>>> print(open('model_16.txt').read())   # compact mmCIF, C-alpha atoms
# COMPACT_ATOMS: atom_id res chain seq x y z
CA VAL A 78 0.00 0.00 0.00
CA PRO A 79 1.04 3.61 -0.44
CA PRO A 80 1.93 5.55 2.73
CA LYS A 81 -1.42 5.49 4.51
CA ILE A 82 -1.45 8.81 6.35
CA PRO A 83 -2.65 8.08 9.91
CA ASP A 84 -5.82 9.82 11.06
CA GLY A 85 -5.05 13.06 12.88
CA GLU A 86 -6.87 16.38 13.08
CA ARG A 87 -5.02 19.34 11.57
CA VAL A 88 -3.36 21.91 10.60
CA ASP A 89 -1.69 24.00 7.90
CA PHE A 90 -1.36 27.46 6.32
CA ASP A 91 -0.95 29.18 9.68
CA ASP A 92 2.73 28.25 9.77
CA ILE A 93 3.48 30.07 6.52
CA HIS A 94 1.92 33.28 7.83
CA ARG A 95 3.79 32.90 11.11
CA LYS A 96 7.06 32.41 9.24
CA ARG A 97 6.48 35.47 7.07
CA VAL A 98 5.53 37.82 9.92
CA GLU A 99 8.95 37.68 11.59
CA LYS A 100 11.02 37.84 8.41
CA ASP A 101 9.18 40.69 6.71
CA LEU A 102 9.39 43.15 9.61
CA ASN A 103 11.74 42.22 12.45
CA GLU A 104 14.42 40.80 10.17
CA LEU A 105 14.16 43.89 7.98
CA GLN A 106 14.62 46.20 10.97
CA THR A 107 17.54 44.26 12.43
CA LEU A 108 19.23 43.91 9.03
CA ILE A 109 19.00 47.60 8.16
CA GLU A 110 20.21 48.50 11.65
CA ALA A 111 23.14 46.10 11.25
CA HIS A 112 24.01 47.82 7.97
CA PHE A 113 23.82 51.23 9.61
CA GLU A 114 25.92 50.26 12.62
CA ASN A 115 28.56 48.59 10.44
CA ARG A 116 28.82 51.64 8.19
CA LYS A 117 29.06 54.04 11.11
CA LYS A 118 31.64 51.95 12.96
CA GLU A 119 33.91 51.21 10.03
CA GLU A 120 33.93 53.98 7.45
CA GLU A 121 34.38 57.10 9.56
CA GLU A 122 36.81 55.63 12.08
CA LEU A 123 39.05 54.08 9.44
CA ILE A 124 39.06 57.13 7.14
CA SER A 125 39.97 59.31 10.13
CA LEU A 126 42.68 56.80 11.06
CA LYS A 127 44.04 56.79 7.51
CA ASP A 128 44.17 60.57 7.29
CA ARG A 129 46.02 60.38 10.61
CA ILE A 130 48.35 57.94 8.84
CA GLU A 131 48.77 60.41 5.98
CA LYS A 132 49.76 63.26 8.29
CA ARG A 133 52.12 61.02 10.28
CA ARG A 134 53.82 59.82 7.10
CA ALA A 135 54.10 63.45 6.02
CA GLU A 136 55.91 64.18 9.28
CA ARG A 137 58.20 61.16 8.97
CA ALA A 138 58.94 61.80 5.28
CA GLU A 139 59.85 65.44 5.93
CA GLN A 140 62.02 64.32 8.85
CA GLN A 141 63.74 61.92 6.46
CA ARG A 142 64.20 64.76 3.97
CA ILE A 143 66.03 66.64 6.72
CA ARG A 144 68.04 63.49 7.46
CA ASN A 145 68.97 63.26 3.78
CA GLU A 146 70.00 66.93 3.76
CA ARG A 147 72.22 66.52 6.83
CA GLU A 148 73.60 63.24 5.48
CA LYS A 149 74.53 64.92 2.20
CA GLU A 150 76.14 67.78 4.08
CA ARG A 151 78.16 65.42 6.31
CA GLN A 152 78.95 63.13 3.35
CA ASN A 153 79.54 65.45 0.38
CA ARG A 154 82.59 67.09 1.92
CA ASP B 230 89.76 43.37 4.63
CA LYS B 231 86.12 44.40 4.92
CA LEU B 232 86.55 48.14 4.33
CA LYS B 233 85.57 48.48 0.66
CA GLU B 234 83.20 45.51 0.72
CA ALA B 235 81.15 46.85 3.63
CA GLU B 236 81.23 50.31 2.05
CA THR B 237 79.62 48.80 -1.05
CA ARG B 238 77.24 46.98 1.28
CA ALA B 239 76.03 50.25 2.80
CA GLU B 240 75.99 51.97 -0.60
CA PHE B 241 73.66 49.35 -2.04
CA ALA B 242 71.57 48.94 1.12
CA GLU B 243 70.69 52.51 2.06
CA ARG B 244 69.19 53.42 -1.32
CA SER B 245 66.72 50.53 -1.01
CA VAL B 246 64.98 52.15 1.97
CA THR B 247 64.39 55.31 -0.08
CA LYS B 248 63.18 53.16 -2.97
CA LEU B 249 60.60 51.61 -0.64
CA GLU B 250 59.62 54.94 0.94
CA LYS B 251 58.06 56.48 -2.17
CA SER B 252 56.25 53.23 -2.95
CA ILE B 253 54.83 53.13 0.58
CA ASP B 254 53.63 56.72 0.22
CA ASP B 255 52.00 56.10 -3.16
CA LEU B 256 50.27 52.91 -2.03
CA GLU B 257 49.08 54.45 1.25
CA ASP B 258 47.57 57.37 -0.66
CA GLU B 259 45.94 54.94 -3.08
CA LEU B 260 44.45 52.90 -0.22
CA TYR B 261 43.24 56.03 1.58
CA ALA B 262 41.68 57.46 -1.59
CA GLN B 263 39.94 54.18 -2.39
CA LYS B 264 38.57 53.97 1.15
CA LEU B 265 37.33 57.53 0.68
CA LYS B 266 35.64 56.44 -2.56
CA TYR B 267 33.89 53.56 -0.82
CA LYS B 268 32.75 55.69 2.11
CA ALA B 269 31.46 58.42 -0.21
CA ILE B 270 29.42 55.92 -2.22
CA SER B 271 28.30 54.16 0.96
CA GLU B 272 27.03 57.15 2.93
CA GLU B 273 24.40 58.10 0.34
CA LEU B 274 23.08 54.54 0.17
CA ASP B 275 22.97 54.10 3.96
CA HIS B 276 21.17 57.43 4.29
CA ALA B 277 18.58 56.38 1.70
CA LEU B 278 18.24 53.14 3.68
CA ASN B 279 17.60 55.12 6.85
CA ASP B 280 14.93 56.94 4.85
CA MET B 281 13.74 53.53 3.60
CA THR B 282 13.29 52.18 7.15
CA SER B 283 9.50 52.04 7.66
CA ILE B 284 8.98 55.08 5.39
CA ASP C 230 89.01 52.21 12.67
CA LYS C 231 87.22 52.77 9.36
CA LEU C 232 85.09 49.61 9.60
CA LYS C 233 82.72 50.68 12.37
CA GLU C 234 81.10 53.73 10.75
CA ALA C 235 80.16 51.37 7.91
CA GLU C 236 79.03 48.45 10.09
CA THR C 237 76.73 50.71 12.10
CA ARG C 238 74.86 52.01 9.04
CA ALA C 239 74.92 48.54 7.47
CA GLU C 240 73.04 47.10 10.45
CA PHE C 241 70.85 50.21 10.55
CA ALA C 242 69.75 49.29 7.03
CA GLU C 243 68.68 45.66 7.55
CA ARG C 244 65.92 46.10 10.12
CA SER C 245 64.64 49.23 8.37
CA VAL C 246 64.44 47.33 5.07
CA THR C 247 62.58 44.45 6.70
CA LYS C 248 60.14 46.81 8.44
CA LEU C 249 59.49 48.74 5.22
CA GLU C 250 58.85 45.51 3.33
CA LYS C 251 56.45 44.32 6.04
CA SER C 252 54.60 47.65 6.08
CA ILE C 253 54.22 47.84 2.30
CA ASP C 254 53.08 44.21 2.14
CA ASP C 255 50.46 44.69 4.85
CA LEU C 256 49.24 47.94 3.29
CA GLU C 257 48.91 46.21 -0.08
CA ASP C 258 46.94 43.41 1.58
CA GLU C 259 44.56 45.93 3.14
CA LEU C 260 44.24 47.65 -0.23
CA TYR C 261 43.26 44.41 -1.97
CA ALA C 262 40.75 43.58 0.75
CA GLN C 263 39.16 47.02 0.36
CA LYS C 264 39.10 46.57 -3.42
CA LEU C 265 37.22 43.29 -3.04
CA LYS C 266 34.79 44.92 -0.60
CA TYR C 267 34.15 47.81 -3.02
CA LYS C 268 33.56 45.42 -5.91
CA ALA C 269 31.16 43.48 -3.67
CA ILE C 270 29.18 46.65 -2.92
CA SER C 271 28.96 47.37 -6.64
CA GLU C 272 27.84 43.77 -7.15
CA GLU C 273 25.06 44.09 -4.58
CA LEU C 274 23.76 47.32 -6.10
CA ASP C 275 23.92 45.99 -9.65
CA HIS C 276 22.27 42.71 -8.67
CA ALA C 277 19.41 44.65 -7.11
CA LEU C 278 19.07 46.78 -10.25
CA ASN C 279 19.21 43.69 -12.50
CA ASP C 280 16.74 41.63 -10.47
CA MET C 281 14.09 44.32 -10.02
CA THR C 282 14.44 46.16 -13.38
CA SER C 283 10.65 46.63 -13.16
CA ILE C 284 8.56 43.49 -12.72
>>> encode(input="model_16.txt", output="structure tokens")
Amino acid sequence: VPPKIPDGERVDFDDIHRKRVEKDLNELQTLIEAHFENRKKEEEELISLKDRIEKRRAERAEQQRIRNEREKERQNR
Amino acid sequence: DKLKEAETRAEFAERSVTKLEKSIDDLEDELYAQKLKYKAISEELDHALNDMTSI
Amino acid sequence: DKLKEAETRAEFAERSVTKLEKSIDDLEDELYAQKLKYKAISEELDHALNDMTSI
């Protein structure tokens, strides 16, 4: 015989609605908030840190220019 | 006698640091500019998303 | 004598060269990671545009 489904009572089509209710709204909110928090945390902090890097490398590179000048005064005698 | 040999050693070595310095500067500026590009394109989208959030 | 003024700078050069190589390598790695992230953002936007494209 085919699989004789045993005699129960119910149910269906409430589960699909239940599954959709969470995803459509709460998942949307938490996902968009995760996007926002990730953007805010990463982009601004790292761009500020990298402009800090740019100014520090400017300082170090100018210091090395001065080192080159003094080295070519003490060397080219 | 290590005099001339070590002098050549220093002569070859010290220029390499300067060779790497300019490359580091160029690549750091490239990375920083690209990160700026991403953040510029990302802020508009995230702001529209904040507008998108429940109208 | 004349050897020490050369040995000092010679050893000055080695660690500096290694540190510069490490820094440029790590910066390049960060740059490539950011490039992949940027391409991914473009991919997400373009996939949205291509999927919706009016229905």
>>> closest_atom_pairs(input="model_16.txt", of="chain C", to="chain B", cutoff="8 Å", atoms="all atoms listed in the file", output="tab-separated table")
residue	atom	partner	partner_atom	distance
C:231	CA	B:232	CA	6.9
C:232	CA	B:232	CA	5.7
C:235	CA	B:236	CA	6.1
C:236	CA	B:235	CA	7.0
C:238	CA	B:239	CA	6.6
C:239	CA	B:239	CA	5.1
C:242	CA	B:243	CA	6.0
C:243	CA	B:242	CA	7.8
C:245	CA	B:246	CA	7.0
C:246	CA	B:246	CA	5.8
C:249	CA	B:249	CA	6.6
C:250	CA	B:249	CA	7.5
C:252	CA	B:253	CA	7.8
C:253	CA	B:253	CA	5.6
C:256	CA	B:257	CA	6.8
C:257	CA	B:256	CA	7.1
C:259	CA	B:260	CA	7.7
C:260	CA	B:260	CA	5.3
C:263	CA	B:264	CA	7.0
C:264	CA	B:263	CA	7.7
C:267	CA	B:267	CA	6.2
>>> residues_around(input="model_16.txt", residues="residue 279 (chain B)", least_positions_apart="4", cutoff="8 Å", atoms="all atoms listed in the file", output="VMD selection string")
(chain A and resid 109 113) or (chain B and resid 275)
>>> closest_atom_pairs(input="model_16.txt", of="chain A", to="chain B", cutoff="12 Å", atoms="all atoms listed in the file", output="JSON lines")
{"residue": "A:101", "atom": "CA", "partner": "B:283", "partner_atom": "CA", "distance": 11.4}
{"residue": "A:102", "atom": "CA", "partner": "B:283", "partner_atom": "CA", "distance": 9.1}
{"residue": "A:103", "atom": "CA", "partner": "B:283", "partner_atom": "CA", "distance": 11.2}
{"residue": "A:104", "atom": "CA", "partner": "B:282", "partner_atom": "CA", "distance": 11.8}
{"residue": "A:105", "atom": "CA", "partner": "B:282", "partner_atom": "CA", "distance": 8.4}
{"residue": "A:106", "atom": "CA", "partner": "B:282", "partner_atom": "CA", "distance": 7.2}
{"residue": "A:107", "atom": "CA", "partner": "B:282", "partner_atom": "CA", "distance": 10.4}
{"residue": "A:108", "atom": "CA", "partner": "B:282", "partner_atom": "CA", "distance": 10.4}
{"residue": "A:109", "atom": "CA", "partner": "B:278", "partner_atom": "CA", "distance": 7.2}
{"residue": "A:110", "atom": "CA", "partner": "B:279", "partner_atom": "CA", "distance": 8.6}
{"residue": "A:111", "atom": "CA", "partner": "B:275", "partner_atom": "CA", "distance": 10.8}
{"residue": "A:112", "atom": "CA", "partner": "B:275", "partner_atom": "CA", "distance": 7.5}
{"residue": "A:113", "atom": "CA", "partner": "B:275", "partner_atom": "CA", "distance": 6.4}
{"residue": "A:114", "atom": "CA", "partner": "B:275", "partner_atom": "CA", "distance": 9.9}
{"residue": "A:115", "atom": "CA", "partner": "B:275", "partner_atom": "CA", "distance": 10.2}
{"residue": "A:116", "atom": "CA", "partner": "B:275", "partner_atom": "CA", "distance": 7.6}
{"residue": "A:117", "atom": "CA", "partner": "B:272", "partner_atom": "CA", "distance": 9.0}
{"residue": "A:118", "atom": "CA", "partner": "B:268", "partner_atom": "CA", "distance": 11.5}
{"residue": "A:119", "atom": "CA", "partner": "B:268", "partner_atom": "CA", "distance": 9.2}
{"residue": "A:120", "atom": "CA", "partner": "B:268", "partner_atom": "CA", "distance": 5.7}
{"residue": "A:121", "atom": "CA", "partner": "B:268", "partner_atom": "CA", "distance": 7.8}
{"residue": "A:122", "atom": "CA", "partner": "B:268", "partner_atom": "CA", "distance": 10.8}
{"residue": "A:123", "atom": "CA", "partner": "B:264", "partner_atom": "CA", "distance": 8.3}
{"residue": "A:124", "atom": "CA", "partner": "B:265", "partner_atom": "CA", "distance": 6.7}
{"residue": "A:125", "atom": "CA", "partner": "B:261", "partner_atom": "CA", "distance": 9.7}
{"residue": "A:126", "atom": "CA", "partner": "B:261", "partner_atom": "CA", "distance": 9.5}
{"residue": "A:127", "atom": "CA", "partner": "B:261", "partner_atom": "CA", "distance": 6.0}
{"residue": "A:128", "atom": "CA", "partner": "B:261", "partner_atom": "CA", "distance": 7.4}
{"residue": "A:129", "atom": "CA", "partner": "B:261", "partner_atom": "CA", "distance": 10.4}
{"residue": "A:130", "atom": "CA", "partner": "B:257", "partner_atom": "CA", "distance": 8.4}
{"residue": "A:131", "atom": "CA", "partner": "B:258", "partner_atom": "CA", "distance": 7.4}
{"residue": "A:132", "atom": "CA", "partner": "B:258", "partner_atom": "CA", "distance": 10.9}
{"residue": "A:133", "atom": "CA", "partner": "B:254", "partner_atom": "CA", "distance": 11.0}
{"residue": "A:134", "atom": "CA", "partner": "B:254", "partner_atom": "CA", "distance": 7.5}
{"residue": "A:135", "atom": "CA", "partner": "B:254", "partner_atom": "CA", "distance": 8.9}
{"residue": "A:136", "atom": "CA", "partner": "B:254", "partner_atom": "CA", "distance": 12.0}
{"residue": "A:137", "atom": "CA", "partner": "B:250", "partner_atom": "CA", "distance": 10.3}
{"residue": "A:138", "atom": "CA", "partner": "B:250", "partner_atom": "CA", "distance": 8.1}
{"residue": "A:139", "atom": "CA", "partner": "B:250", "partner_atom": "CA", "distance": 11.6}
{"residue": "A:141", "atom": "CA", "partner": "B:247", "partner_atom": "CA", "distance": 9.3}
{"residue": "A:142", "atom": "CA", "partner": "B:247", "partner_atom": "CA", "distance": 10.3}
{"residue": "A:144", "atom": "CA", "partner": "B:247", "partner_atom": "CA", "distance": 11.7}
{"residue": "A:145", "atom": "CA", "partner": "B:247", "partner_atom": "CA", "distance": 10.0}
{"residue": "A:148", "atom": "CA", "partner": "B:243", "partner_atom": "CA", "distance": 11.6}
>>> calpha_fit_and_write(input="model_16.txt", fixed="chain B", moving="chain C", output="JSON list (two decimals) with C-alpha atoms, in the coordinates of the input")
[["chain", "number", "residue", "atom", "x", "y", "z"],
["C", 230, "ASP", "CA", 91.14, 46.50, 1.13],
["C", 231, "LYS", "CA", 88.43, 45.67, 3.67],
["C", 232, "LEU", "CA", 86.55, 48.97, 3.24],
["C", 233, "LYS", "CA", 85.09, 48.39, -0.21],
["C", 234, "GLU", "CA", 82.97, 45.28, 0.45],
["C", 235, "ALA", "CA", 81.30, 47.35, 3.17],
["C", 236, "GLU", "CA", 80.95, 50.57, 1.17],
["C", 237, "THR", "CA", 79.29, 48.72, -1.71],
["C", 238, "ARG", "CA", 76.56, 47.19, 0.47],
["C", 239, "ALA", "CA", 76.24, 50.44, 2.44],
["C", 240, "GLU", "CA", 75.37, 52.34, -0.74],
["C", 241, "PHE", "CA", 73.23, 49.42, -1.89],
["C", 242, "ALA", "CA", 71.16, 49.99, 1.25],
["C", 243, "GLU", "CA", 70.39, 53.71, 0.92],
["C", 244, "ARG", "CA", 68.51, 53.76, -2.37],
["C", 245, "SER", "CA", 66.68, 50.54, -1.50],
["C", 246, "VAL", "CA", 65.56, 52.04, 1.82],
["C", 247, "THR", "CA", 64.35, 55.21, 0.11],
["C", 248, "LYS", "CA", 62.47, 53.24, -2.56],
["C", 249, "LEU", "CA", 60.84, 50.99, 0.05],
["C", 250, "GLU", "CA", 59.76, 54.01, 2.08],
["C", 251, "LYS", "CA", 58.31, 55.66, -1.03],
["C", 252, "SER", "CA", 56.46, 52.49, -2.05],
["C", 253, "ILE", "CA", 54.97, 51.88, 1.39],
["C", 254, "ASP", "CA", 53.93, 55.53, 1.69],
["C", 255, "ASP", "CA", 52.23, 55.55, -1.70],
["C", 256, "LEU", "CA", 50.51, 52.22, -1.01],
["C", 257, "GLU", "CA", 49.24, 53.56, 2.32],
["C", 258, "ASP", "CA", 47.93, 56.66, 0.54],
["C", 259, "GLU", "CA", 46.05, 54.50, -1.96],
["C", 260, "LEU", "CA", 44.70, 52.42, 0.91],
["C", 261, "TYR", "CA", 43.33, 55.49, 2.70],
["C", 262, "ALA", "CA", 41.77, 56.80, -0.50],
["C", 263, "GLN", "CA", 40.04, 53.45, -1.05],
["C", 264, "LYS", "CA", 38.87, 53.45, 2.57],
["C", 265, "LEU", "CA", 37.28, 56.87, 2.10],
["C", 266, "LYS", "CA", 35.64, 55.70, -1.14],
["C", 267, "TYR", "CA", 34.23, 52.59, 0.59],
["C", 268, "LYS", "CA", 32.88, 54.66, 3.47],
["C", 269, "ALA", "CA", 31.31, 57.00, 0.90],
["C", 270, "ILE", "CA", 29.55, 54.08, -0.80],
["C", 271, "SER", "CA", 28.22, 52.94, 2.56],
["C", 272, "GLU", "CA", 27.10, 56.52, 3.20],
["C", 273, "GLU", "CA", 25.20, 56.69, -0.09],
["C", 274, "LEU", "CA", 23.42, 53.39, 0.54],
["C", 275, "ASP", "CA", 22.55, 54.28, 4.13],
["C", 276, "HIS", "CA", 21.36, 57.76, 3.15],
["C", 277, "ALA", "CA", 19.04, 56.21, 0.59],
["C", 278, "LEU", "CA", 17.72, 53.75, 3.18],
["C", 279, "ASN", "CA", 17.27, 56.53, 5.76],
["C", 280, "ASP", "CA", 15.57, 58.98, 3.39],
["C", 281, "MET", "CA", 13.10, 56.54, 1.84],
["C", 282, "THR", "CA", 12.39, 54.30, 4.88],
["C", 283, "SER", "CA", 8.82, 54.10, 3.50],
["C", 284, "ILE", "CA", 7.05, 57.40, 2.89]]
>>> atom_distance(input="model_16.txt", atom1="CA of residue 143 (chain A)", atom2="CA of residue 248 (chain B)")
16.8 Å
>>> atom_distance(input="model_16.txt", atom1="CA of residue 280 (chain C)", atom2="CA of residue 95 (chain A)")
26.6 Å
